[PDB]
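**Student:** Here is the input, now give the coordinates:
(2 chains, ligands or ions: 2)
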There are 2 protein chains.
Amino acid sequence: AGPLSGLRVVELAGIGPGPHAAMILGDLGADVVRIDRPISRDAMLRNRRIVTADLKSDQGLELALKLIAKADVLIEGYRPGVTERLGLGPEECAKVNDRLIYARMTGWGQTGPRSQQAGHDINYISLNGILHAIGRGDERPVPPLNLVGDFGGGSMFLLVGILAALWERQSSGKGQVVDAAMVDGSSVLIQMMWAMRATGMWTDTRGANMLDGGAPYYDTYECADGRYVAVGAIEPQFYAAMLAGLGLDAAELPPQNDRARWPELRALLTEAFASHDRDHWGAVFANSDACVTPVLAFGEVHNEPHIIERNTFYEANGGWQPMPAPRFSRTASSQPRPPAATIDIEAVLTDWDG
Amino acid sequence: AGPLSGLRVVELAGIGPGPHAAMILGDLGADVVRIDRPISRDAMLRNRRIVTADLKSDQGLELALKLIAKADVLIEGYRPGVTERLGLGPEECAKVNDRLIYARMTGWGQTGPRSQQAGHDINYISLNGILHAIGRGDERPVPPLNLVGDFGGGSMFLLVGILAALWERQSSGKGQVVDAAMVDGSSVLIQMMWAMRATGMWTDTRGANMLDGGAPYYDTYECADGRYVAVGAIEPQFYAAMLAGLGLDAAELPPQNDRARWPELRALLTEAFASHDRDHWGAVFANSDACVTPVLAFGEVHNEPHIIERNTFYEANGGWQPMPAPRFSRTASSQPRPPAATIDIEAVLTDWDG
Ligand SMILES: CC(=O)SCCNC(=O)CCNC(=O)[C@H](O)C(C)(C)COP(=O)(O)OP(=O)(O)OC[C@H]1O[C@@H](n2cnc3c(N)ncnc32)[C@H](O)[C@@H]1OP(=O)(O)O
Ligand SMILES: CC(=O)SCCNC(=O)CCNC(=O)[C@H](O)C(C)(C)COP(=O)(O)OP(=O)(O)OC[C@H]1O[C@@H](n2cnc3c(N)ncnc32)[C@H](O)[C@@H]1OP(=O)(O)O
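**Tutor:** Residues are numbered from 1 along each chain as shown, chains lettered A, B, ... in the order given. Ligands and ions are numbered 1, 2, ... in the order given. Please see the structure below:
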């Protein structure tokens, strides 16, 4: 029902970024067929059809190749050489379908000294300077969950690659291979810090920068109730609006960007915010441009008016799940279909006419 | 040169997610024309043509509309209502070009109680449970830079939106509006934690989970020299390789997933890692599946063999910048063109034939 209605996707069951890129294609209307090893409660596996095949057997190889022959996109997320050894490498796939967008999701990439090494999100962002930049300066770096490598710089770059190559396909009539390494994607994800490094606007020192928690106007504060607000008041008119709401006289404060007095500045904002609870500050800074919001825990998210009003989440046995993103005015995505029982691979083949 | 060679993009000069989405389109071959208010050192503005226009004047509005008439994609990142009041809203653009992908990059979205409020990355991820999930449990949440809202759940979803709509356009012959809200994108980026919350595999407690730094096998460790390694050894066989490298007898340790004894497990791993420098562990683990990697600071990234060999970065003027991601086997992206002087808008219009 969304913009990708009609798009045929073969996903080889993996973990992390592959199934997340595959979910997003399904979210937006694609026909995604997932092949697993010979009814799921993982909501990530929404908007698929699940089939099963031993890719190491002659029948399973044959069936999967017949499935790939009728597809637009193949997603795989194993080590380089794995699909090759199975007989499902790009050159074998090309033989039965040269319109195929062959999408390879890895952390290290297809080649290079580490391309055969095991790893996960934390490893990939450790090697490109990202992880070192995250957390408080007086402590060892903290992982930003797996948002940066696996998803932000992983699956999202796989999708761009995939859709980019489909655009190319319109003029050339041919697919190709998408080499999507989390180490690359995440670097492009963080290109802003690389730009700013070159002009003296970002330093290698952890938690001493504008957007890393070093700036008293770009950080969380703890309130009277042990809960938190986020302050994001970069621009001076926003910062001023923020001080107005706190009832602080600007003339009694250090300048916003005098870094030499940032501890003094923070101590004064800390005292201010500590004086009431989080919900007080949401009432105080209601419609304002102060860039002050409540830090909601996952469980409170569904009670937030802006979240509710725009239907950012829907309920699915177990709890809340995010609606497809982004939104489309003419071809709107549907609410995601729940994970369902495994179906017969043959049924899909007839459906796809193969 | 890359997959998106031929694609025409008009970017209305903004900040954060908009310019980054437009950068990535340029990286991949797109013809990107950026309109600013009446030669840049910001490497984010690579792969552009820069022109200038007062959109509030008759002349400037006319010229911009002539430019938009000839484009495939318009990127704007202002408050909802701004383009409208300029005469550049979707319904005006539709008049001159109904094939236009009109891409609206916001934090709050186009509608809702907060849609007119100022904000930055920290605010958008604060309202959807993400920011609360980030940092050590004994401390107030820390911002994961602006990686998750602006970029991972912002620009990246704008891109997917844009390219998805271009796919739709091939059958329908029409464009539409992409509503890309960082509050939506970032939720879908974190869909995994929402899936796991539903099945008891994720909790709302900060720093007490498998991927947030609560797991001793999924965290950084400080070494003898004050530098760090990242451990990512989730799977038992990797965890085992990790222990072998450390010279640790598994029989003398608590089980890997005995959470009750995670403090005791971490104290033993801490003592082990602290005994040598980062690069010793660099060496001992450089080759195995132990999921142990050095935590590199931005400045030392360009010296890492895997980074060097795959050309993840190029030097621009001054320092290193990331190469286009992902990679394409047939239509490879070029090295990005540096920011250049502003060019006259007329010249572009003749080029585009408008
Ligand atoms: C959410 C997260 O935390 S994930 C973080 C991101 N990690 C990644 O996915 C990065 C890229 N991938 C990898 O590095 C690796 O695949 C790892 C580390 C995840 C896993 O490593 P391993 O499981 O040891 O190796 P790998 O996944 O490459 O091999 C999978 C095997 O299953 C086989 N296999 C897969 N599907 C099937 C099937 N349907 N039938 C039969 N065999 C199958 C493959 O042929 C392969 O066997 P082989 O090793 O004999 O060739
Ligand atoms: C790097 C970072 O961390 S940034 C974080 C990214 N997130 C965001 O900021 C969200 C993005 N969207 C927004 O909410 C907003 O654009 C903000 C809050 C960033 C900034 O808002 P403001 O600076 O107050 O301006 P706003 O976007 O409302 O409007 C732009 C103004 O410039 C004017 N303008 C824009 N282009 C032109 C032009 N070429 N010629 C003349 N005027 C122009 C518009 O008329 C408008 O003025 P108006 O409000 O009088 O109509």
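
**Student:** Sketch out the helices for the stretch 101-250 of chain A, chain order is fine.
**Tutor:** Under the criterion DSSP state H, counting those that start in this stretch, the stretch 101-250 of chain A contains helices at A:121-126, A:156-172, A:182-189, A:191-198, A:236-246.

**Student:** show me what contacts the closest residue to residue A:144 other than its chain neighbours?
**Tutor:** Spatial nearest neighbour of residue A:144, chain neighbours left out: residue B:144 (3.6 Å); criterion: CB to CB, 6 or more residues apart in numbering or on different chains. Yep, even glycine has a C-beta here, placed from its N, CA and C like the rest. When contacts are counted by CB atoms under 8 Å, 6 or more residues apart in numbering or on different chains, residue B:144 touches A:134, A:144, A:147, A:148, B:125, B:134.

**Student:** now with 10 Å?
**Tutor:** A:130, A:133-135, A:142-145, A:147-148, A:152, A:211-213, B:121-122, B:125, B:130-131, B:133-135, B:152 (CB atoms under 10 Å, 6 or more residues apart in numbering or on different chains).

**Student:** Intersect those residues with the contacts of ligand 2.
**Tutor:** With CB under 6 Å from any ligand atom as the criterion, the members of the contacts of residue B:144 in contact with ligand 2 are residue B:121.

**Student:** Can you say which of the contacts of residue B:144 are buried?
**Tutor:** Neighbour-count burial (16 or more other CB atoms under 10 Å in any protein chain shown) applied to those gives A:130, A:133-135, A:142-145, A:147-148, A:152, A:211-213, B:121-122, B:125, B:130-131, B:133-135, B:152.

**Student:** Using the three-state scheme, assign residue A:276.
**Tutor:** coil (DSSP: H, G, I helix; E, B strand; the rest coil).

**Student:** Now it. Nearest residue, chain neighbours left out?
**Tutor:** Distances taken as CB to CB, 6+ apart put residue A:224 closest to residue A:276, at 5.3 Å, once the chain neighbours are dropped.

**Student:** Please report how far the one you found lies from ligand 2.
**Tutor:** As judged by CB to the nearest ligand atom, to the nearest Å, residue A:224 and ligand 2 stand 28 Å apart.

**Student:** does that residue really touch residue A:280, like I thought?
**Tutor:** Yes: counting by CB atoms under 10 Å, residue A:280 is a contact partner of residue A:224 at 7.8 Å.

**Student:** Who has more neighbours out of these two?
**Tutor:** Using other CB atoms under 10 Å in any protein chain shown, the more surrounded residue of residue A:224 and residue A:280 is residue A:280, with 16 against 13.

**Student:** residues in contact with the more buried one?
**Tutor:** For residue A:280, the contacting residues are A:223, A:224, A:225, A:229, A:273, A:294, by CB under 10 Å, 6+ apart.

**Student:** can you pick the most crowded of those?
**Tutor:** residue A:229 leads the contacts of residue A:280 on contacts (other CB under 10 Å) with 25 neighbours.

**Student:** Name the next helix or strand downstream of whichever strand or helix holds residue A:271, please.
**Tutor:** In this assignment (DSSP states H and E), residue A:271 forms part of helix A:262-273. Next helix or strand after helix A:262-273 toward the C-terminus (DSSP H and E): helix A:278-284.

**Student:** Convert the C-alpha atoms of that following helix to PDB, please.
**Tutor:** The C-alpha coordinates for helix A:278-284 follow below in PDB (Å, rounded to 0.1, in the frame of the first residue of the first chain):
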ATOM      1  CA  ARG A 278      10.100  17.000  35.000                       C
ATOM      2  CA  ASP A 279       6.300  17.500  34.500                       C
ATOM      3  CA  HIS A 280       6.600  21.000  36.000                       C
ATOM      4  CA  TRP A 281       9.100  22.000  33.200                       C
ATOM      5  CA  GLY A 282       6.900  20.600  30.400                       C
ATOM      6  CA  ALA A 283       4.100  22.900  31.700                       C
ATOM      7  CA  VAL A 284       6.600  25.900  32.000                       C
END
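
**Student:** so how far is stretch A:177-186 off the chain centroid?
**Tutor:** How far stretch A:177-186 lies from its chain's middle: 14 Å, per CA atoms, centre = their mean, to the nearest Å.

**Student:** Next, see if it gets close to chain B.
**Tutor:** Yes: using CB under 10 Å from any CB of the partner chain, stretch A:177-186 comes into contact with chain B via A:177, A:178, A:179, A:180, A:181, A:182, A:183, A:184, A:185, A:186.

**Student:** hang on, the earlier thing: turn the helices of the stretch 101-250 of chain A into TSV, including distance to residue B:322.
**Tutor:** What follows is the helices of the stretch 101-250 of chain A, written out as TSV (distance: least, CB to CB, whole Å):
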stretch	distance to residue B:322
helix A:121-126	13
helix A:156-172	11
helix A:182-189	4
helix A:191-198	5
helix A:236-246	30
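
**Student:** still on that earlier bit, would you mind listing the buried residues in the helix holding residue A:271?
**Tutor:** In helix A:262-273, the ones that count as buried by 16+ other CB under 10 Å are A:262, A:265, A:266, A:268, A:269, A:272, A:273.

**Student:** same question, stretch A:170-184
**Tutor:** Neighbour counts using 16+ other CB under 10 Å place A:175, A:176, A:177, A:178, A:179, A:180, A:181, A:182, A:183, A:184 of stretch A:170-184 among the buried residues.

**Student:** Switch those over to TSV; also include distance to ligand 1.
**Tutor:** As requested, these are exported to TSV (distance: CB to the nearest ligand atom, whole Å):
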residue	distance to ligand 1
A:175	22
A:176	20
A:177	16
A:178	14
A:179	12
A:180	10
A:181	9
A:182	7
A:183	10
A:184	13
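
**Student:** Turn those into TSV, including distance to residue A:58.
**Tutor:** What follows is the buried residues of stretch A:170-184, written out as TSV (distance: CB to CB, whole Å):
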residue	distance to residue A:58
A:175	26
A:176	28
A:177	25
A:178	28
A:179	29
A:180	30
A:181	32
A:182	34
A:183	36
A:184	36
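
**Student:** Spatially, which two of the residues you listed are the most separated?
**Tutor:** Across the buried residues of stretch A:170-184, the longest distance by CB to CB is 24.0 Å; it joins A:175 and A:183.

**Student:** measure the residue nearest to residue A:276 to residue A:304 for me?
**Tutor:** Taking CB to CB, to the nearest Å as the measure, residue A:224 falls 20 Å from residue A:304.

**Student:** Check residue A:262 too.
**Tutor:** To residue A:304, residue A:262 is 31 Å away according to CB to CB.
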